[PDB]
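K.L.:
First, the structure itself, so that you have it in front of you.
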Protein chains: 2
Amino acid sequence: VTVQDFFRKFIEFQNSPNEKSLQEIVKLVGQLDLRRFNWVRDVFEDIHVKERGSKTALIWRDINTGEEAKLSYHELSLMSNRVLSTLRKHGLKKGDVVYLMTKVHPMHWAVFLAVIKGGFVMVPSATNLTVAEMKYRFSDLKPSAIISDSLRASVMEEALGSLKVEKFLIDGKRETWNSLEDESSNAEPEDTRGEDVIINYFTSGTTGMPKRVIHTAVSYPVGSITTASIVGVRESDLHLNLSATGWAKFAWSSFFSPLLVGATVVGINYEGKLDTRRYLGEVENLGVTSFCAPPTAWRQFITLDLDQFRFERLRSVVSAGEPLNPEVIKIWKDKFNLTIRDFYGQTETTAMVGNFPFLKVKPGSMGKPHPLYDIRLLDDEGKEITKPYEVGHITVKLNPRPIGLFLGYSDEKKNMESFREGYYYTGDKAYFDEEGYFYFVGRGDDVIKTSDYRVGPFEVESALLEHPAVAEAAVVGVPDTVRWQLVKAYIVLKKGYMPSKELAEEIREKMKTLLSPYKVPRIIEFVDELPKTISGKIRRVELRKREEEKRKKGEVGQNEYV
Amino acid sequence: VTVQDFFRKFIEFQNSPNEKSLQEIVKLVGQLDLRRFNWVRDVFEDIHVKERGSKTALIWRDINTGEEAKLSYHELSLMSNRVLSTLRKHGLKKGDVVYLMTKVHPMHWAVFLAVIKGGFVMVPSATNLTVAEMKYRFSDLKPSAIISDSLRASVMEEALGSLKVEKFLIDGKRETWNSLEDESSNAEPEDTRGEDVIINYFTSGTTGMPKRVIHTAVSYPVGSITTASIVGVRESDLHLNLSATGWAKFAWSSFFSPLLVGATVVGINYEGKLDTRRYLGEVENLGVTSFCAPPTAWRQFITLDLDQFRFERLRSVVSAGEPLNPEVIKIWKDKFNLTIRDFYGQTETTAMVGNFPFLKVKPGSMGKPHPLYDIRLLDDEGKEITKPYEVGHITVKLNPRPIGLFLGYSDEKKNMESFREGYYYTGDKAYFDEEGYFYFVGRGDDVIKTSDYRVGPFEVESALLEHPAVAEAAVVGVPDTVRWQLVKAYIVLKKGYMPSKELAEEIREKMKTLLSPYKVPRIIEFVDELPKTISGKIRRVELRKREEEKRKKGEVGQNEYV
Ligand SMILES: CC(C)(COP(=O)(O)OP(=O)(O)OC[C@H]1O[C@@H](n2cnc3c(N)ncnc32)[C@H](O)[C@@H]1OP(=O)(O)O)[C@@H](O)C(=O)NCCC(=O)NCCS
Ligand SMILES: CC(C)(COP(=O)(O)OP(=O)(O)OC[C@H]1O[C@@H](n2cnc3c(N)ncnc32)[C@H](O)[C@@H]1OP(=O)(O)O)[C@@H](O)C(=O)NCCC(=O)NCCS
Ligand SMILES: CC(=O)OP(=O)(O)OC[C@H]1O[C@@H](n2cnc3c(N)ncnc32)[C@H](O)[C@@H]1O
Ligand SMILES: CC(=O)OP(=O)(O)OC[C@H]1O[C@@H](n2cnc3c(N)ncnc32)[C@H](O)[C@@H]1O
């Protein structure tokens, strides 16, 4: 059965989700022939622009400015077509690289479209990212094209240095900043193969510097159905996602999940800190019926006087990126008679397990796996677990290779580490419930996750060695209640340098310069020796055990705490 | 410990080498003040011209022509002085760039002198190099000055069509052909600092087009003692090296090592292919007592009826630039009671490990490292190895940064790759013997070495893409017994072109045009698609695996083999 038939049948299943009907959809995925496939052409245009061309596709609000905008599927399609023209016009061919660094803005959605439509490789780039970070990224994947909002432009320029490349803006600017909107014509689909790459996410890894996860014109564009399945997004729905541009969750709940079902997207852009109340006021005042927010946000929402809210038209509420304490779910349920449904997955994939709408949520459980993923819980030496309450690594079986699973990393050795002989390793660790539920326990990696931002040690460590006074560094995750973890840095000095709170200050402010804010360590401890195995490897694990002991007792040595 | 005292004590140590006396020399080096240092002034003139002025310094023979020559150290100093005058006279200053492309000829050695004496930066250029390649070189580093023999005048001219720069010859031709023999006077040493650059070698890289390694008026001229200690060369010696002009091995064993000890140099010039027998005939017929030859030559020498030679006054025989097969050493030893002592190094360095004369040779082994270099065998994650039979990368420690070690490359990123955190990477891989011997296993690079010529893929791949019929190319080294590896080229055709031994021929002839002989592929295999990672990287690894399996089973499959 045809591409278009598939998606419509899914949409109907969304309007009343049920396990049987899910099993049906699962088989139908098995039948799809995706060998040459362009999502914009085949689904956006062919279904939604056809059948919903005049339906309002996106509603956008800048909290800071007040600026409002609303675009219909048609208006939107022509916008995307203009950009695709303007890209080809400034000399871009399929497979060419496009960095995208913008605020939440209608033109962000236009550019996502252009890129899928034109079969280009886009690199979503956060707006936190520092010139340093951008120069690394370019060094890894050199850019054919650059697109930025006015405020993030100065950073991109400086990072490029000598590189000459196409430079585009969403606003109006002084020099080599041409607007994307020019020609509707020349909006011809690229015939892209399903297995063609269109997106490169720069994801943080344990061992080293962040590399790229590689997503095809089928992996995300259709795999995202797993996500939608768990959230319960329908055609009627107004959908809202609290995610930053430059990351997957954006692609998941802000872009693909709503637009698959022809829903109305709601995009709220703010600079700086989350006005927790003002935000929820917009939610209520725009009548959003489907809402996904990272746990860190939910944590902030609870602390408010919630009596001032009557979330009148709110139907679906979800969470993903970090653990969600039952206590939070309870308070929200108590105040509004809605449950927040925790779901799981990685930049590397789409939604993997979760509390579907028709599933009795178990608090703090993420829930049950999606049947399209072949989810296995392996012990050491890859024996999949039966015993419910026993802990192990979380893995995808590749034998039937799930769609949604990224083609693989940019760094073939991390490919060899992660992919093990019929299994992909997420590295994360969990246990089964008798009833086949899933409770996240933590990360096998040395990976840190603060405020839904995944940070890998080496990024910060190497940043630290940039200071004259630093001979060795070790970056670890510390428990925090608000953001799930915090960044701690153990440091060993050169001769001459003495350990001082004044010095810790100095180093940290240098790091502000180099690292994205979420990455600047909130704690700096000067030490003598770092724990090492014989090999010479740093036992960061051992540092965290040390920190568990310290926190049971209330210890602090010469740690500086900011 | 004065400069001159040092070298005379070194010469004595050469007359009977021993580990004790070596360790002593090592300390004495530590004491030298070479902060301003000119090799010709301080060593050539001061020691040899003074005390060996009338000693025959060089004997030169052209096999083909029959032309014979003999020059004393004085005659030679006068020669160098003439040219240096003539260079200054035509407007050359210290730090000026001088390309040198000649056949083995006394004036080659005169010009080497002039250059070091005048503090000029020379680019030794083999006489193979194509007009194409020379245009590359000039593009990278502009020439002040050019010196060529009669025959390759043509080629330089065409590459130098570009500009007017000072142009000089070893013979007598019509246009911009100034002899360097004009004036002895103005032969005044340039006050060169130890760390001043005098030699720039264009060396082939794995990833890309060749860059330049940078050598000072101390690195080679005195680091060359590593080399000379290893090949036990003496004052009394008649020394011969089989190397092509325009590469390191020449500077090492043909120029610096002999002239350090005030030996008698022997230069044999031949055009085209090595008359394996006729060459050795000249060796015996001249009474060479110390001889160095690349392994590829030794391999050719074995195949002879060796009974027809009685190598009467031959004392030292040595090898370098490739592995030396035990079989070869054995056959030569059996026939002549001489061992061929395999030593090692890079254009980047001087001799680093070798079979010193006082060392019991282990077949296949390079031998033991030279004490001037801190040689380390690091595993992945740079943990120096203890376990003897364990393969790792070969690295120099920079802690005290050994002299002889090139300042660095012309390209800062290859500098960042190679020089890693207290260590320079040769990239080469080897293992220890219990007793601290060293057995080269291969290159970590995708680098090829044929007949002691170090060839880099990208040069040749790009050269191939120049052909109309070539869509994709991939260059790999295949085993050969005579040359250590051979150049194989995997090609993906454009549509229309049909694979044929005749098409392979056509491409080969075009490559003769663009690339130096050692770089023309000896094999062309037309294939459909090449194996690649997700990234788009060509898995050369995978190519060689394929070829070793094909050769174990004895198969081919539309490869054309010249
Ligand atoms: C969950 C979330 C809303 C938390 O609310 P928040 O407190 O406003 O968010 P953050 O702490 O991350 O960032 C705001 C804070 O950092 C500062 N900040 C961060 N980046 C900044 C930037 N580029 N410019 C200015 N300030 C910045 C803000 O001023 C504020 O300061 P504070 O730390 O003293 O509060 C927010 O972190 C978020 O959206 N997370 C990212 C979700 C995501 O897509 N991650 C990847 C998953 S695939
Ligand atoms: C090792 C060596 C002596 C082997 O001798 P050889 O086998 O006669 O040499 P080669 O095969 O490389 O070159 C001779 C062949 O190439 C051709 N050739 C190579 N360069 C040539 C040139 N500049 N002009 C003419 N012919 C040339 C010859 O005609 C001959 O072809 P043939 O074998 O079909 O008759 C030779 O490779 C050599 O001198 N190598 C240099 C070592 C060196 O300096 N290393 C560089 C890095 S340190
Ligand atoms: C979309 C996204 O988050 O991708 P990314 O930023 O790459 O993070 C990936 C890591 O997030 C953690 N994670 C995600 N969902 C979670 C959940 N429901 N409960 C607990 N942990 C969760 C895991 O540890 C993953 O490995
Ligand atoms: C002087 C010269 O030849 O330098 P150069 O042309 O730059 O090449 C350097 C490369 O030659 C190889 N090499 C040199 N000596 C060797 C030996 N004894 N055994 C095995 N391999 C050897 C290595 O692989 C080097 O990395």
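All residue names refer to the structure tokens as shown: chains lettered A, B, ... in order, residues numbered from 1 in each chain, ligands numbered from 1 in order.
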Compile the residues of chain A that lie within 9 Å of chain B, evaluated using only C-alpha atoms, and express the compilation as a ChimeraX atom specification.

P.N.:
/A:214,407-412,535-537

K.L.:
Residues contacting ligand 1 - anything with an atom at most 6 Å away, using only C-alpha atoms and all ligand atoms - can you give me those as a tab-separated table (two decimals) with N, CA, C and O atoms, in the first residue's frame?

P.N.:
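Listed below is the output, selection_6.tsv:
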```tsv
chain	number	residue	atom	x	y	z
A	127	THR	N	22.01	27.94	19.62
A	127	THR	CA	22.38	29.35	19.66
A	127	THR	C	23.22	29.66	20.90
A	127	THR	O	23.61	30.82	21.09
A	128	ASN	N	23.49	28.66	21.75
A	128	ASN	CA	24.37	28.80	22.90
A	128	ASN	C	25.84	28.77	22.50
A	128	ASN	O	26.72	29.20	23.27
A	242	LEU	N	8.70	22.36	24.24
A	242	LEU	CA	9.80	23.15	24.78
A	242	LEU	C	11.13	22.46	24.47
A	242	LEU	O	11.56	21.55	25.17
A	243	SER	N	11.73	22.84	23.35
A	243	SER	CA	13.04	22.33	22.99
A	243	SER	C	13.85	23.47	22.39
A	243	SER	O	13.28	24.42	21.91
A	244	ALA	N	15.19	23.41	22.46
A	244	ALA	CA	16.01	24.43	21.83
A	244	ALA	C	16.25	24.04	20.38
A	244	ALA	O	16.44	22.85	20.08
A	247	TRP	N	18.92	20.79	18.26
A	247	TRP	CA	18.92	19.47	18.87
A	247	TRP	C	17.78	18.63	18.28
A	247	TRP	O	16.91	19.12	17.53
A	248	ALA	N	17.79	17.34	18.63
A	248	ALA	CA	16.83	16.38	18.11
A	248	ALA	C	15.42	16.67	18.58
A	248	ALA	O	14.52	16.74	17.76
A	249	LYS	N	15.19	16.72	19.90
A	249	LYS	CA	13.83	16.85	20.42
A	249	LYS	C	13.05	17.89	19.61
A	249	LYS	O	11.86	17.73	19.36
A	272	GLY	N	17.20	34.03	26.56
A	272	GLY	CA	17.58	33.95	27.94
A	272	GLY	C	16.77	32.91	28.71
A	272	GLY	O	16.49	31.83	28.21
A	273	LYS	N	16.40	33.28	29.94
A	273	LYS	CA	15.84	32.35	30.90
A	273	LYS	C	14.35	32.19	30.64
A	273	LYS	O	13.71	33.11	30.11
A	274	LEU	N	13.86	30.99	30.99
A	274	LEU	CA	12.48	30.58	30.78
A	274	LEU	C	11.63	31.35	31.77
A	274	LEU	O	11.77	31.16	32.98
A	294	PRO	N	10.73	19.05	28.44
A	294	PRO	CA	11.77	18.29	29.15
A	294	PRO	C	11.49	18.28	30.65
A	294	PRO	O	10.93	19.24	31.15
A	296	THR	N	13.26	19.03	33.15
A	296	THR	CA	13.81	20.20	33.83
A	296	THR	C	12.79	21.32	33.88
A	296	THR	O	12.65	21.98	34.92
A	297	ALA	N	12.09	21.55	32.77
A	297	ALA	CA	10.99	22.51	32.73
A	297	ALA	C	9.84	22.18	33.70
A	297	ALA	O	9.37	23.07	34.43
A	321	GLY	N	13.96	13.25	27.62
A	321	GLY	CA	15.31	13.78	27.71
A	321	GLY	C	16.01	13.44	29.04
A	321	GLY	O	17.23	13.31	29.06
A	451	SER	N	20.18	19.67	32.45
A	451	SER	CA	19.09	20.44	31.84
A	451	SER	C	18.79	19.94	30.44
A	451	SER	O	18.62	20.75	29.54
A	452	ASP	N	18.71	18.62	30.26
A	452	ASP	CA	18.38	18.06	28.96
A	452	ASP	C	19.49	18.37	27.94
A	452	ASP	O	19.32	18.21	26.72
A	453	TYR	N	20.67	18.78	28.43
A	453	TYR	CA	21.81	18.96	27.56
A	453	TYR	C	22.82	17.85	27.81
A	453	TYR	O	23.28	17.67	28.94
A	517	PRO	N	27.18	27.47	27.83
A	517	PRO	CA	26.97	27.75	29.25
A	517	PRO	C	26.69	26.53	30.12
A	517	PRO	O	27.24	26.42	31.21
```

K.L.:
Would you give me, as number ranges by chain, the residues in range 252-488 of chain B that DSSP reads as strand (DSSP E)?

P.N.:
B: 264-269, 290-293, 316-320, 340-343, 353-354, 368-369, 375-378, 391-397, 408-409, 423-432, 438-443, 448-450, 453-455, 470-479, 485-488

K.L.:
Select, from B:347, B:219, B:150, B:462, the residue with the minimum atom-to-atom distance to ligand 4, counting only C-alpha atoms and all ligand atoms.

P.N.:
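Ranking B:347, B:219, B:150, B:462 by distance to ligand 4, first place goes to B:347.
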
K.L.:
At a cut-off of 9 Å, using only C-alpha atoms, what residues contact residue 438 in chain A? Leave out same-chain residues fewer than 6 positions from it and give the result as a PyMOL selection string.

P.N.:
chain A and resi 353-354+364-369+430-432

K.L.:
Tell me, in Å to one decimal, how far CA of residue 155 in chain A is from CA of residue 465 in chain A.

P.N.:
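Separation between CA of residue 155 in chain A and CA of residue 465 in chain A: 22.9 Å.
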
K.L.:
Give me, as a ChimeraX atom specification, the set of residues whose atoms come within 9 Å of any atom of ligand 4, counting only C-alpha atoms and all ligand atoms.

P.N.:
/B:203-204,247-250,252,294-295,319-324,342-351,353-354,364-367,426-429,439-443,447-449,452-455

K.L.:
Using only C-alpha atoms and all ligand atoms for the distances, tell me which of A:121, A:403, A:318, A:482 is nearest to ligand 3.

P.N.:
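Result for the nearest residue to ligand 3: A:318.
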
K.L.:
Which is closest to ligand 3 among A:444, A:371, A:436, A:281, if we use only C-alpha atoms and all ligand atoms?

P.N.:
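Nearest to ligand 3: A:444.
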
K.L.:
Where does DSSP see helix (DSSP H, G or I) in range 93-240 of chain A, if you list the residues as a PyMOL selection string?

P.N.:
chain A and resi 106-118+131-140+153-160+219-223+225-231

K.L.:
Write the residues of the preceding selection, restricted to N, CA and C atoms, as a short mmCIF file (atom, residue, chain, number, x, y, z; two decimals), in the first residue's frame.

P.N.:
```cif
data_model
loop_
_atom_site.label_atom_id
_atom_site.label_comp_id
_atom_site.auth_asym_id
_atom_site.auth_seq_id
_atom_site.Cartn_x
_atom_site.Cartn_y
_atom_site.Cartn_z
N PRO A 106 9.52 31.11 12.09
CA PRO A 106 8.91 30.46 10.93
C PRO A 106 9.97 30.04 9.91
N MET A 107 10.99 30.86 9.75
CA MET A 107 12.00 30.56 8.76
C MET A 107 12.81 29.32 9.17
N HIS A 108 12.82 28.94 10.46
CA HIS A 108 13.52 27.71 10.84
C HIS A 108 12.82 26.50 10.20
N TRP A 109 11.48 26.56 10.20
CA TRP A 109 10.63 25.48 9.70
C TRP A 109 10.77 25.46 8.17
N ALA A 110 10.87 26.65 7.55
CA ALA A 110 11.03 26.76 6.10
C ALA A 110 12.32 26.09 5.66
N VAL A 111 13.37 26.26 6.48
CA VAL A 111 14.70 25.81 6.11
C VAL A 111 14.78 24.29 6.25
N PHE A 112 14.21 23.75 7.35
CA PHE A 112 14.04 22.31 7.52
C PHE A 112 13.40 21.69 6.26
N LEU A 113 12.32 22.31 5.77
CA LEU A 113 11.65 21.85 4.56
C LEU A 113 12.58 21.92 3.37
N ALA A 114 13.04 23.12 3.01
CA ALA A 114 13.99 23.29 1.91
C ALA A 114 14.98 22.13 1.87
N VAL A 115 15.61 21.85 3.01
CA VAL A 115 16.70 20.88 3.11
C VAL A 115 16.22 19.47 2.82
N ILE A 116 15.07 19.05 3.37
CA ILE A 116 14.55 17.71 3.08
C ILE A 116 14.16 17.60 1.60
N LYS A 117 13.56 18.70 1.11
CA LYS A 117 13.09 18.78 -0.24
C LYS A 117 14.27 18.74 -1.20
N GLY A 118 15.35 19.46 -0.89
CA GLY A 118 16.50 19.56 -1.79
C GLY A 118 17.58 18.51 -1.52
N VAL A 131 31.96 30.73 19.50
CA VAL A 131 32.82 30.77 18.33
C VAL A 131 33.74 29.55 18.35
N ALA A 132 34.35 29.29 19.51
CA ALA A 132 35.20 28.12 19.68
C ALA A 132 34.50 26.86 19.18
N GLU A 133 33.30 26.60 19.70
CA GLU A 133 32.55 25.43 19.30
C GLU A 133 32.27 25.40 17.79
N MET A 134 31.92 26.55 17.21
CA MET A 134 31.60 26.57 15.79
C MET A 134 32.84 26.23 14.95
N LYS A 135 34.01 26.69 15.41
CA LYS A 135 35.23 26.48 14.66
C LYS A 135 35.59 25.00 14.67
N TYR A 136 35.27 24.32 15.77
CA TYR A 136 35.47 22.89 15.86
C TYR A 136 34.59 22.23 14.81
N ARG A 137 33.28 22.56 14.83
CA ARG A 137 32.30 21.93 13.95
C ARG A 137 32.73 22.08 12.49
N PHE A 138 33.11 23.30 12.08
CA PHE A 138 33.56 23.55 10.72
C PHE A 138 34.78 22.72 10.38
N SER A 139 35.73 22.71 11.32
CA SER A 139 36.91 21.90 11.14
C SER A 139 36.52 20.46 10.81
N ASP A 140 35.41 19.94 11.38
CA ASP A 140 35.02 18.55 11.20
C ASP A 140 34.26 18.40 9.88
N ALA A 153 24.67 36.04 14.30
CA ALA A 153 25.43 36.15 13.06
C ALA A 153 26.88 36.46 13.36
N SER A 154 27.08 37.37 14.30
CA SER A 154 28.44 37.81 14.58
C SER A 154 29.34 36.63 14.97
N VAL A 155 28.82 35.72 15.81
CA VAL A 155 29.47 34.46 16.15
C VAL A 155 29.83 33.61 14.91
N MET A 156 28.91 33.37 13.98
CA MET A 156 29.19 32.56 12.80
C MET A 156 30.33 33.18 11.98
N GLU A 157 30.27 34.50 11.83
CA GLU A 157 31.23 35.19 10.99
C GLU A 157 32.63 34.93 11.52
N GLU A 158 32.77 35.10 12.83
CA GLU A 158 34.06 35.02 13.47
C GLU A 158 34.60 33.59 13.39
N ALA A 159 33.72 32.60 13.54
CA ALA A 159 34.10 31.19 13.46
C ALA A 159 34.57 30.80 12.07
N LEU A 160 33.98 31.38 11.02
CA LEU A 160 34.38 31.02 9.67
C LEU A 160 35.82 31.42 9.42
N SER A 219 15.01 7.78 8.14
CA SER A 219 15.26 7.53 9.56
C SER A 219 14.41 8.43 10.45
N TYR A 220 14.60 9.75 10.35
CA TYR A 220 13.83 10.67 11.17
C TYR A 220 12.46 10.89 10.54
N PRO A 221 12.39 11.27 9.24
CA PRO A 221 11.13 11.69 8.60
C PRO A 221 9.98 10.71 8.77
N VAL A 222 10.31 9.42 8.88
CA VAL A 222 9.27 8.43 9.09
C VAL A 222 9.45 7.74 10.43
N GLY A 223 10.68 7.41 10.81
CA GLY A 223 10.89 6.83 12.12
C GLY A 223 10.20 7.65 13.22
N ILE A 225 7.51 8.39 13.65
CA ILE A 225 6.16 7.93 13.96
C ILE A 225 6.14 7.29 15.34
N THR A 226 7.27 6.68 15.73
CA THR A 226 7.39 6.11 17.05
C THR A 226 7.11 7.19 18.09
N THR A 227 7.78 8.34 17.93
CA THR A 227 7.60 9.46 18.83
C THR A 227 6.12 9.79 18.91
N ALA A 228 5.53 10.22 17.78
CA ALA A 228 4.12 10.58 17.73
C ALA A 228 3.24 9.52 18.42
N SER A 229 3.50 8.24 18.11
CA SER A 229 2.71 7.16 18.67
C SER A 229 2.60 7.30 20.18
N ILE A 230 3.73 7.59 20.84
CA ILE A 230 3.76 7.65 22.29
C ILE A 230 3.10 8.94 22.79
N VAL A 231 3.25 10.05 22.06
CA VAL A 231 2.74 11.33 22.54
C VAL A 231 1.23 11.44 22.30
#
```

K.L.:
Smallest atom-to-atom distance to ligand 3: which of A:238, A:562, A:556, A:352, using only C-alpha atoms and all ligand atoms?

P.N.:
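For ligand 3, the nearest of the candidates is A:352.
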
K.L.:
What lies within 9 Å of residue 401 in chain B using only C-alpha atoms, ignoring chain neighbours under 5 positions off, as an MDAnalysis selection string?

P.N.:
chainID B and resid 373:374 396

K.L.:
Just to confirm, what's the straight-line distance from CA of residue 34 in chain B to CA of residue 235 in chain B in Å (one decimal)?

P.N.:
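Computing the Euclidean distance for CA of residue 34 in chain B and CA of residue 235 in chain B yields 23.5 Å.
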
K.L.:
For a quick check of understanding, using only C-alpha atoms and all ligand atoms, which of A:388, A:246, A:208, A:17 has the smallest distance to ligand 3?

P.N.:
A:246

K.L.:
Which residue out of A:555, A:549, A:445, A:307 has the minimum interatomic distance to ligand 3 when only C-alpha atoms and all ligand atoms are used?

P.N.:
A:445
